[PDB]
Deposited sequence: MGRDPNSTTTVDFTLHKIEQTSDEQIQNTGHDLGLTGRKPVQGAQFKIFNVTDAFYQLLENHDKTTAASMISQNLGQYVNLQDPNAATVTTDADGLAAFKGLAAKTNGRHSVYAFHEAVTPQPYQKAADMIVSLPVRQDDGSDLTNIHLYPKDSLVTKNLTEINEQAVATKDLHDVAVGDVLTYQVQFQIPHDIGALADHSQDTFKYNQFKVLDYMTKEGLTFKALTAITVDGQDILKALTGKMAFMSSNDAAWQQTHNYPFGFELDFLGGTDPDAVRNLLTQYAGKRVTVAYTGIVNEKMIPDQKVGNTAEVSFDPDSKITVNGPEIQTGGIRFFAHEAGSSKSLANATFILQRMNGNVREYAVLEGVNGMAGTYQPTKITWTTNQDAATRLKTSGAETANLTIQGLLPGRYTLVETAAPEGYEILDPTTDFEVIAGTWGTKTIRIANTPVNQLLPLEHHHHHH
C-alpha cells in the first residue's frame, strides 16, 4: 500500500517557523514559486540505522544536514517533479512501508529559480495519522523559498516609498538594503568529511556599471533584530570602490564585495552565522550622488549572492536618474553666442523666492551639491560661454519649475527680459535648449 505527497512551493520574505501538519491548508494566500525541481529519496534504511545511536530528532537532522552523504543525489531512478505556476508538484504512489518499517522519505530542491534560495531538505516519517485514528493517504507539504531582494530605502536619511525609478539631486545620500538567508546548513561539514566544512564562501557582490555614485559607507549588518557588523569586522573580507584593491579585480565605477568566509577568521564567522542559521540578513550601505551623475541616463545596480565560485543568485535594484537644463544667450535677431552674460537660479518655495548656491565650482556647471538661500546676493553667479549651440548648462537638479534671472548683461548689450521661467523634466535635459536674447548698443 502507498501514499502521495503533494508539495506547495511558496515564497518567504521573513523569519517564520510554521509547522507542517501534513493536512491540506487550502487557500493560504501566499505567493507561489514556479520552476523549483524536487527530487524524492527513500531514506528508511539509513534513518533506522542512525536510530540505533541517536534519537528520532537527531536522526532526521543528520540526514537534512548531509542528504548527499546518505543518498546518491544524481540518481537517474530518483523521481523528479518540477513545480508548476501554482507552486504544485505531486509525487504519487510511494510505498507506505519499506523493509518492515513505516517509510521515511527525504525531499531535495535540486534546481531553485532566480532569485530564490532553496528550501531546507525536509524529512517525513510515516505514518502521519489523523485525529480520528486513521492514516493520511495524501500528505500536503509547504516548503519555502527565501527571496533575495534589493531596495533603495532612504534618501538623505528619510524613508522613501519603494519604486523602480527615483529622481535624485547631486550630493544626495542614498541608503540601499540587500536581504538574503543564512543557509540552514551553514555550519555543516562536507558530505563524507571529518576535516572540511560544507561552506567556504558566503559572498555579496554589489555594483553599478555606469557612473553616478561614490561609495560612502557600510552602515549595518543585522539579523534576528541584532547588529552583527561590530562582531564581524576584521574576521571577514571587505572591499569598496574607494579601495585601491577594487580596480585590480573589477572595473565597475561603484560597488563593494563582502565575504563572510573570505576573511582572516572564517570559522568564527561560521559559528556566529550558525547561531542564526535559516534567518534573514540585511546588509545596509550608503552612496553619494556625484558630479558624474548626468541627465538622460538611468543607472541601476546588481547584487549577486554566491556560496561557491561556480554559481550565484542575482537581483537588480532600482534605477536612479537626474535633471538638467540648457540655455543659449545670444544677440537679438541673430545666433551670435554671447559670453559673460551673468545669471542666478531661482525657485519658489511656498510663495517665497530662494536662490541656488553651487558647491562644485565654463558655461557648463556640474556641481557636487546645490543648496538654497533667501539672501539673493549669496546666490552663485552663473556665466555663459561663447559656445555654438548652447552656452549655459546645469545638471544635478530635481524636476520642477524654476526661473533663470539675468543680473548683468554682457559688455555692450542690454537685457531684454530679466526672468526666464522654465521646467526641469525628470531624468532629461528638457524639451529644448532655451534661447535668451540680449539687445546690442
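Going by the record, the unmodelled stretches of the deposited sequence, in order, are 1 to 8, 370 to 372, 453 to 465.
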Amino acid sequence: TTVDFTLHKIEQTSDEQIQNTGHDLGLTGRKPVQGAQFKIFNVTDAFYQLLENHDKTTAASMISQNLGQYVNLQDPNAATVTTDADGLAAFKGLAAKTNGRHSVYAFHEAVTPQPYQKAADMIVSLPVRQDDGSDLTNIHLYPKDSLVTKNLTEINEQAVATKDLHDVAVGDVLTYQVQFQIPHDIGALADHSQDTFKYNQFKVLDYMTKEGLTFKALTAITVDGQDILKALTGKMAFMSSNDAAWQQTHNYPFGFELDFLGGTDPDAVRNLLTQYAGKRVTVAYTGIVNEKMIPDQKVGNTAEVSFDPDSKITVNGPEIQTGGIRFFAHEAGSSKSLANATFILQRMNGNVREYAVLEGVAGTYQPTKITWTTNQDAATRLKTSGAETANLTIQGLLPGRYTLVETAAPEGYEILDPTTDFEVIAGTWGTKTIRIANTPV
From here on, numbers count along this sequence of modelled residues.
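With 168 to 176 and 95 to 103 compared on mean CA B-factor from the PDB entry, the stretch scoring higher is 95 to 103. The question of which stretch, 325 to 333 or 295 to 303, has the higher mean Cα B factor is settled in favour of 325 to 333. If you compare the C-alpha temperature factors of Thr380, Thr28, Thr393, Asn42 in the entry, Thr28 comes out highest.
As recorded in the entry, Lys230 carries the highest CA temperature factor of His108, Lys279, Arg347, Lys230. Compared with the other modelled residues of the chain, the Cα B-factor recorded for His192 ranks in the highest third. Among the modelled residues of the chain, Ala79 sits in the highest third by CA temperature factor in this PDB entry.
Among the modelled residues of its chain, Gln12 has a C-alpha B-factor that falls in the lowest third according to the deposited record. When the modelled residues of the chain are ordered by their C-alpha B factor, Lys235 lands in the highest third. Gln69 sits in the highest third of its chain by CA B factor, as recorded in the PDB entry.
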